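Visitor: The structure is given below, and queries will be raised subsequently.
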Amino acid sequence: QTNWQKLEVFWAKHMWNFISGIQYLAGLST
């Protein structure tokens with residue numbers, strides 16, 4: 001294994017950023 005293991009770590013980091021933006025906008029929406 002090499003960058004593949006990092007791709008899954010990368011995947012959750014990006015996926016959580018998608019969820020943090022929605023959580024942030026949910027409380028700060030218009």
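Heads up: the sequence shown begins at 1 in PDB author numbering, then just goes up one per residue. We put the beta carbon where it would ideally sit given N, CA and C, even for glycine.
1. Have a look at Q5 and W11 and give me their C-alpha separation to the nearest angstrom.
2. Looking only at its own chain, which residues have a Cβ that is under 6 Å from the Cβ of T2, when we skip the five neighbours before and after it?
3. Could you give the DSSP three-state label for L28: helix, strand or coil?
4. Pick helix, strand or coil for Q1, following the three-state DSSP scheme.
Guide: On the basis of the data shown:
1. To locate residue 5, count along the sequence shown from 1; it is residue 5. To locate residue 11, count along the sequence shown from 1; it is residue 11. About 10 Å.
2. Numbered from its first residue, the sequence shown carries residue 2 at position 2. Hits under 6 Å: none found.
3. Counting from one through the sequence shown, the residue named residue 28 turns up at place 28. Three-state result, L28: coil.
4. Taking the first residue of the sequence shown as position 1, residue 1 is located at position 1. Coil.
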